[PDB]
Amino acid sequence: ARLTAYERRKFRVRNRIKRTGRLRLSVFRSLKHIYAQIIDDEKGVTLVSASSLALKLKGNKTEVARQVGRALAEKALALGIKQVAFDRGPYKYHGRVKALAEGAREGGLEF
Amino acid sequence: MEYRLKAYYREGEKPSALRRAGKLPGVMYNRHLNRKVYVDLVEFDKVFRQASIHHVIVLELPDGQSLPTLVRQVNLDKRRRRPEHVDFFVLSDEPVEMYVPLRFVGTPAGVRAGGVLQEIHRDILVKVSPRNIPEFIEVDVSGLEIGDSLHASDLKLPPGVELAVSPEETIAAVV
Amino acid sequence: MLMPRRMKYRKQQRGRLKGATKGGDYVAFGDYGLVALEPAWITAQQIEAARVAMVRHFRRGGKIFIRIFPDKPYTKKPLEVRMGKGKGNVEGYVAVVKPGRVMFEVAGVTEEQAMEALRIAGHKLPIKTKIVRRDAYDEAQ
Amino acid sequence: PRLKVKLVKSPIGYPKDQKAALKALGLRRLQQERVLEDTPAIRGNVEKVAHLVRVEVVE
Amino acid sequence: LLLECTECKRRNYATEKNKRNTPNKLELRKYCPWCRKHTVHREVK
Amino acid sequence: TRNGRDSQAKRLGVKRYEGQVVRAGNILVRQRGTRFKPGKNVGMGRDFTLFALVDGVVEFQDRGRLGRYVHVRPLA
RNA sequence: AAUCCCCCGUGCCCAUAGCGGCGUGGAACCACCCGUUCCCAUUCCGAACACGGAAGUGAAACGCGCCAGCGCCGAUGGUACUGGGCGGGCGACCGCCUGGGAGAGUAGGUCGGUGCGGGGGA
RNA sequence: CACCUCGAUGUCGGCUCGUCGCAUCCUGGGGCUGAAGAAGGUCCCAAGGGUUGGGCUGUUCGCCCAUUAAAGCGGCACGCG
RNA sequence: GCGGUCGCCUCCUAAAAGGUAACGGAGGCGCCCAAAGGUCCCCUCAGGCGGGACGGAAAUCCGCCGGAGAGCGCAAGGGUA
RNA sequence: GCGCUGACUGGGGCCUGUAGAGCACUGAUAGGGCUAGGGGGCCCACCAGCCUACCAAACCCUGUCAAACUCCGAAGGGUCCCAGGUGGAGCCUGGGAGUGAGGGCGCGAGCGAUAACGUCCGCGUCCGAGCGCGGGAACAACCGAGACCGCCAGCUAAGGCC
Ligand SMILES: [Mg+2]
Ligand SMILES: [Mg+2]
Ligand SMILES: [Mg+2]
Ligand SMILES: [Mg+2]
Ligand SMILES: [Mg+2]
Ligand SMILES: [Mg+2]
Ligand SMILES: [Mg+2]
Ligand SMILES: [Mg+2]
Ligand SMILES: [Mg+2]
Ligand SMILES: [Mg+2]
Ligand SMILES: [Mg+2]
Ligand SMILES: [Mg+2]
Ligand SMILES: [Mg+2]
Ligand SMILES: [Mg+2]
Ligand SMILES: [Mg+2]
Ligand SMILES: [Mg+2]
Ligand SMILES: [Mg+2]
Ligand SMILES: [Mg+2]
Ligand SMILES: [Mg+2]
Ligand SMILES: [Mg+2]
Ligand SMILES: [Mg+2]
Ligand SMILES: [Mg+2]
Ligand SMILES: [Mg+2]
Ligand SMILES: [Mg+2]
Ligand SMILES: [Mg+2]
Ligand SMILES: [Mg+2]
Ligand SMILES: [Mg+2]
Ligand SMILES: [Mg+2]
Ligand SMILES: [Mg+2]
Ligand SMILES: [Mg+2]
Ligand SMILES: [Mg+2]
Ligand SMILES: [Mg+2]
Ligand SMILES: [Mg+2]
Ligand SMILES: [Mg+2]
Ligand SMILES: [Mg+2]
Ligand SMILES: [Mg+2]
Ligand SMILES: [Mg+2]
Ligand SMILES: [Mg+2]
Ligand SMILES: [Mg+2]
Ligand SMILES: [Mg+2]
Ligand SMILES: [Mg+2]
Ligand SMILES: [Mg+2]
Ligand SMILES: [Mg+2]
Ligand SMILES: [Mg+2]
Ligand SMILES: [Mg+2]
Ligand SMILES: [Mg+2]
Ligand SMILES: [Mg+2]
Ligand SMILES: [Mg+2]
Ligand SMILES: [Mg+2]
Ligand SMILES: [Mg+2]
Ligand SMILES: [Mg+2]
Ligand SMILES: [Mg+2]
Ligand SMILES: [Mg+2]
Ligand SMILES: [Mg+2]
Ligand SMILES: [Mg+2]
Ligand SMILES: [Mg+2]
Ligand SMILES: [Mg+2]
Ligand SMILES: [Mg+2]
Ligand SMILES: [Mg+2]
Ligand SMILES: [Mg+2]
Ligand SMILES: [Mg+2]
Ligand SMILES: [Mg+2]
Ligand SMILES: [Mg+2]
Ligand SMILES: [Mg+2]
Ligand SMILES: [Mg+2]
Ligand SMILES: [Mg+2]
Ligand SMILES: [Mg+2]
Ligand SMILES: [Mg+2]
Ligand SMILES: [Mg+2]
Ligand SMILES: [Mg+2]
Ligand SMILES: [Mg+2]
Ligand SMILES: [Mg+2]
Ligand SMILES: [Mg+2]
Ligand SMILES: [Mg+2]
Ligand SMILES: [Mg+2]
Ligand SMILES: [Mg+2]
Ligand SMILES: [Mg+2]
Ligand SMILES: [Mg+2]
Ligand SMILES: [Mg+2]
Ligand SMILES: [Mg+2]
Ligand SMILES: [Mg+2]
Ligand SMILES: [Mg+2]
Ligand SMILES: [Mg+2]
Ligand SMILES: [Mg+2]
Ligand SMILES: [Mg+2]
Ligand SMILES: [Mg+2]
C-alpha cells in the first residue's frame, strides 16, 4: 500500500499553497499539543516559530490553539512579515486548526 | 589442475596493434586493484580450452608475481567468433562466486537400458572459498528413478561452501 | 512452413543488413552448429528444407534446434503490373541473418555424422556457412 | 606561436561549410600561405579543412 | 440544437447551445448583459 | 489502397532554451501532455503550453521522480 | 549561542534512500489509547473526519539500528555505433586514418544524505 | 521502366534474298551404358554442308497426310514493304 | 480511361530540434456533455490469492498483496493518482 | 541607409530519442521445467477418478526478433550567450527579375524484386550554367582543377614513365 489518504491530502492541499508564492504558515497538530511554523520555500528556511509545547500552556486545546495563534502574530508581525497563506495540511479547516488561524489575527492574515 | 599463463602490462598501445601482433588485450581486476594487461593469443588459447573459467589460471606476468585468477568474461567478436579481450579476476582471502563442471556420474540412472540422461547445466554457480576450489562435482544419486528430479540441495556439495541461489532447478529428469 | 502466428502488423518495411549479428551467436543447446558467414534473408521454406535434410540424414534421431525464426513478412506484387497502388502483398516470411548468427545446431549424434548433416543442411542455404563444435568461449553465459 | 596554413588541395566538391572555413581563414587560392594567430577558434577551421590544408608552426 | 438565449428587456441575444431534448425545459441560467449587469437570461428563437 | 492519410505536423517542442532571455508572454514550450511542468514564473495554458510569466532568463530543472521543470528566473 | 545525542515540524536531493528479516524506543515528543457532552462527522459505521480527555501501550504506526535474498546504483578495460577524412566489393556489404564513444555484462557499491526551525538532553 | 525518336523510327504473316550464333536436327569423331549383335539411351567434341512435298487456317505456331540421313532452335528494328 | 482518392486528427515512414515525399504501412473526425461545465471538500485503480447463502470467470462483501498495467464520452499518441 | 552584426570556428549552457543495444512495457519467438484446464484414453455415469508421446495459458530458466516495442542510448544536429571571423559578409527600405519540367553521384530511408540510366523523400556534391582545361581509350556530372589577356620559361594535381 503506497501513499495514504493522509500523505495524499497532505500534498494536495500543500502543493496548491506552494504555487501562490507566499510565505507558508504551516500547522502541525498533535493529540496533546499544536505547533505553528512560518516557512519560506526556495530559501528552505523557517522565520517565526510558535508552539504550545514551547509556551508550556494548557487547558482546552481549542482555546490553546488560538493563544498560540495570537502568539504567532506578535512574534512575526514584529519582523516585518504581514501577508501569508496558511497551510492546514491534512487537517480540515475546523476546530483547533481553524482556531489557531482565527488567532493569527493581529498580523497580516486574510484568514 | 594447475595452469600457467604468462602476461604483460598495458598503458598505451592500441589494442588494434596488439591484436595484429598475436597478442590478446585484457584487464586484471578485483576488490582491491585494477590494471590492464595482455596475454599471448596463441598461448592463451591453448590454456583456456582446458582451463575455461572452471579452473584457476595463475598468470605469470613480469613483476615475477603469480596471481590466482579466474576468467570472468570473454569478449569475442561475432564475425569470426574468435576472442578479442579477456578480463582476469584475481582471488584474495574472501569467498568468491564461480562455475563448477558437473560430472554426470551414475548410469542411465534408473530404468536403465534405457532412459533419458537429460543434460541441463554442465556447470553450476557456487559461492566458495578461494582456498578450497573443487575440480568438479560428483552428480550421482544412485541412480535413479523415472520422472524424478535432483533439485540442487540434493547434490553432493563438497567442503567448498554452498550453492548460488536457485534452491530448486532441473539438473535431472527422465521422460 | 514456419510463420509467427498473431502479428501486430502484416507488411513491414525492409530495412538494411549492415548489422553484424546482434547475437547470436555462441552455441547454447547442442554439440555442433552451423554459423552464418554472410548476411541474408532466409526463407521459411529454406529453413524447412535445411531441417528436413538433417532429420532425414539422421535416420530420425536426431535433435535439431534451428534458432532462427521467420517473423519478417516478405511481400511481392502480382507481377505483370506496374509500380504504385498498394504495396507488395505478402507471399511468405523470412528470418534476418547477419554474420555470426548460429542457425540450426544439433546434438546427441556422432561427429562424423553431425558434421555431414550440417554440411548437407548448409547447401540448402543461399549464404556461405561454417561448422562449429563449441568450446569454453561458447560458454559465454 | 603563429600558424602557417597553405591551401594544397582544391575544395571543388567539398561541403559548403568547408568552403566557409577556407574563407574564415582568408585562403582564396591554391598554394596560398597565410600566417594567423594560433588560437582555439582559428584552429577550429584549420583542422576542419585539415585534409585540404598543410600546416606549419612559425615565429 | 443551435441555441440563442436572451435577457429580459431590450432583448440582448448572447447565444449559446443546448444540444438535446433534455435539457428540454425553458433552458435558462443566470448570465451577464452588455448593458447593466448580471440578470436572469432566458432561452428563445 | 485504404491508407493515404496523415495530419499536419504540429510543430511542437521547446521554444526557448536554458539561458535564453525572454519576456512576460513568450511561450517557452509547446507540448502534448505535461512533458515539462511550469516552474518559477512560468504559466501553462489550457493546451499545456508553458510561457514566461515575467521577463528574465530561462532555466531547466530535472526533479527526477517529480519530472522536469521550466523556470523563468527573473532579472527584471 | 558553540559542539554533540535523541525527538517533533518542514524542505531539498529524488531508490545507494526501496522491499523483506531481525532487533530496538515511550522520561520527553508522537501514536495508539479513553470517551462521543459539545463543534463536526461518516451515501451504513466516532473506521475516517472532529471535539473533550488523558488511566493504559509501544501490540499497530512511526523513529532509530543491523542483514545484500530481492530492488536500486555501477565502474575499468574491450567492443557496437559514429563527426570528419580515405579505401575496398557485382553487389548484400566490408576495411583504414583521425576525433567522439555507448548498450549489455564483469568488478563492485547501497538497506540514505543534508538544509532551516523547534522540544529535550550533555 | 519511360531514355533517343510523335515538324512520322510504316505495324502481323507470307514471298524473295540471305547471313550469323550453337544451347547440334542429320551426317563425322568420341566416353559411359542396366552396350550380346543390330538398334537405342545419356553425356562430350564438332557450325563444313545439309536440313522434303502436301491438307487446314491470314496466321506465326500447331494438328494431320506422304516421305526423309534429318524435317534443329535462335539472332539480325519479333532481318528484309 | 476504369478503379481509388480529394478537407481535418493520431501513429509510423522522418535519418535524436523544426520540417520533409510516394496510388508508402495502419487507424479515426463531420460529434458529444446543464453536467461530461466553475469552485470547495473528501476519495484512489486494474488486477492476483484467500474468505463469504442464493453468485456462476465476472453482480455486492471482508482480508492481504497491487505504483499504475485502471480510469479520463469516441481514434491514436502524449499526458496523468 | 545601418554599419561588425555574416557564413564558418572555439568555450559554455539547454533541447532530442535516431545509429547501436536492450527485452523492463506491446507483440513475436526456440528448447527445457513446473503446473490452469482440455485433446484425451477413459473408470463413473454420486462425489469421482487416474496418466500424459497434442495442445498450452501464466511462472521459471536457457535463446532470440520488431518502422508504427524501449529499461537504455553515442556520435551528430538545433538554439541562446561570450569570443574570433572585413567578407561580391550581414541587416533594413525600396526598383528590376528569372525560376516554379531538373539530372547524375555519395550517404540515409520508403516503394520496387536487398531489379532498372526505376521511382519518391532527406543531407551533401557536381552537371545544369564549367559540352572550357588534365586524367579516365573514346564519355554532362568518377579523379584533378574554378579558364582576364600574352610568353618557343619554371613547379605541380589526378594520372603516369617498354
Ligand atoms: Mg546476447
Ligand atoms: Mg574533386
Ligand atoms: Mg456574445
Ligand atoms: Mg504521404
Ligand atoms: Mg505527422
Ligand atoms: Mg536527459
Ligand atoms: Mg522529523
Ligand atoms: Mg530508477
Ligand atoms: Mg524495511
Ligand atoms: Mg520491545
Ligand atoms: Mg520497527
Ligand atoms: Mg511507562
Ligand atoms: Mg507516562
Ligand atoms: Mg513496535
Ligand atoms: Mg513514534
Ligand atoms: Mg551495468
Ligand atoms: Mg568504456
Ligand atoms: Mg556501461
Ligand atoms: Mg553495508
Ligand atoms: Mg535544539
Ligand atoms: Mg520519354
Ligand atoms: Mg523520369
Ligand atoms: Mg525529320
Ligand atoms: Mg522519314
Ligand atoms: Mg545438354
Ligand atoms: Mg553425330
Ligand atoms: Mg551396338
Ligand atoms: Mg553413343
Ligand atoms: Mg558443343
Ligand atoms: Mg487457306
Ligand atoms: Mg516449323
Ligand atoms: Mg493455332
Ligand atoms: Mg512440312
Ligand atoms: Mg535464320
Ligand atoms: Mg520483340
Ligand atoms: Mg519485322
Ligand atoms: Mg509497300
Ligand atoms: Mg511484311
Ligand atoms: Mg475515375
Ligand atoms: Mg524530426
Ligand atoms: Mg480486487
Ligand atoms: Mg475472490
Ligand atoms: Mg472465491
Ligand atoms: Mg493509461
Ligand atoms: Mg484513448
Ligand atoms: Mg495513451
Ligand atoms: Mg499513456
Ligand atoms: Mg566582429
Ligand atoms: Mg549559425
Ligand atoms: Mg559553437
Ligand atoms: Mg530514454
Ligand atoms: Mg536498430
Ligand atoms: Mg519483451
Ligand atoms: Mg507477451
Ligand atoms: Mg516454450
Ligand atoms: Mg528501433
Ligand atoms: Mg511511438
Ligand atoms: Mg544508464
Ligand atoms: Mg552547434
Ligand atoms: Mg551547442
Ligand atoms: Mg563576434
Ligand atoms: Mg549575395
Ligand atoms: Mg532587400
Ligand atoms: Mg520589387
Ligand atoms: Mg507548376
Ligand atoms: Mg516540379
Ligand atoms: Mg526532385
Ligand atoms: Mg538540386
Ligand atoms: Mg541532387
Ligand atoms: Mg553518365
Ligand atoms: Mg564508400
Ligand atoms: Mg539505382
Ligand atoms: Mg532518375
Ligand atoms: Mg560527393
Ligand atoms: Mg535549362
Ligand atoms: Mg566537365
Ligand atoms: Mg558550379
Ligand atoms: Mg561531347
Ligand atoms: Mg571532353
Ligand atoms: Mg580525357
Ligand atoms: Mg574530360
Ligand atoms: Mg578566376
Ligand atoms: Mg589563374
Ligand atoms: Mg618537374
Ligand atoms: Mg604523385
Ligand atoms: Mg597508360
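Residue and element names in this part refer to chain C. Across the sheet, three strands lie side by side as β5-β1-β6; this open sheet has antiparallel pairing. The strands lining the two open edges of the sheet, one partner per strand, are β5 (102–106) and β6 (129–132). Recorded for the sheet is a direction-independent mean angle of 20 degrees between the axes of neighbouring strands. Note: strand β1 (residues 32–36) against β5, three bridges, orientation antiparallel. Residue pairing in the sheet places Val 35 in a bridge with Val 102 of β5. Set on the sheet, helix α2 (residues 111–123) makes contact with β1, β5 and β6; between it and β1 the angle comes to about 25 degrees.

Taken together, the contact between chain C and chain B spans 19 residues of the former and 15 residues of the latter. Across the chain C/chain B interface, buried area totals approximately 1,500 Å², and carbon plus sulfur atoms make up 52% of it. It is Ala 136, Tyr 137 and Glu 139 of chain C that lose the most area in chain C upon contact with chain B, and together they represent 40% of the buried surface on that side. Linking chain C with chain B are three salt bridges, by the criterion used here. A salt bridge links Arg 81 of chain B to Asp 138 of chain C, with the nearest nitrogen and oxygen atoms 1.9 Å apart. Joining chain C to chain B, the criterion identifies three residue pairs in polar contact. Here the residues of the side of chain C that touches chain B sort into eight nonpolar, four polar and seven charged.

Lining the immediate surroundings of RNA strand I are 38 residues, of which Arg 8, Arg 9 and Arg 88 of chain A, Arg 20 of chain E together with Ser 7 of chain F lie closest. Of what RNA strand I places within 4 Å of the protein, 64% of the atoms are sugar or phosphate. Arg 11 of chain F places a main-chain nitrogen or oxygen 2.8 Å from a phosphate oxygen of RNA strand I. Listing elements by their share of the surface near RNA strand I, those giving two or more residues are α1 (5–19) of chain A together with β3 (16–17) of chain E.

Counting across every chain of the model gives 32 salt bridges over all chains. With a shortest N-O distance of 2.9 Å, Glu 60 of chain B and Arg 4 of chain B are connected by a salt bridge. One end of the pair, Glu 60 of chain B, is in the loop between α2 (41–50) and β3 (69–77); the other, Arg 4 of chain B, is in the segment before α1 (15–20), with 56 residues separating them in the sequence. A salt bridge links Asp 38 of chain D to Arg 43 of chain D, with the nearest nitrogen and oxygen atoms 2.7 Å apart. Exposure remark for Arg 43 of chain D: the relative accessible area of 32% places this residue in the partly exposed category. Each of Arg 14, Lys 18, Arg 24, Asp 41 and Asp 87 of chain A takes part in salt bridges that share partners, so that together they form one network.

What counts and how
- Residues numbered from 1 in each chain as written, not as in the entry; some residues may be left out.
- Chains lettered and ligands numbered in written order.
- Part of a larger assembly, values for the part shown.
- Heavy atoms only, no water.
- Pairing = 2+ DSSP bridges.
- Helix = DSSP H or I, 4+ residues; strand = E, 2+ residues; numbered from the N terminus.
- Axes fitted to C-alpha atoms, helices over the stretch in contact; angles between N-to-C directions.
- Contact = heavy atoms within 4.5 Å.
- Buried area = accessible area lost by both parts, 1.4 Å probe.
- Salt bridge = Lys/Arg side-chain N within 4 Å of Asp/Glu carboxyl O.
- Polar contact = N/O pair within 3.5 Å; in protein donor to acceptor, adjacent residues only side chain to side chain.
- Nonpolar A, V, L, I, M, F, W, Y, C, P; charged D, E, K, R; others polar.
- Near = heavy atom within 4 Å.
- Buried < 20%, exposed > 50% of the residue type's maximum accessible area, 1.4 Å probe, protein only.

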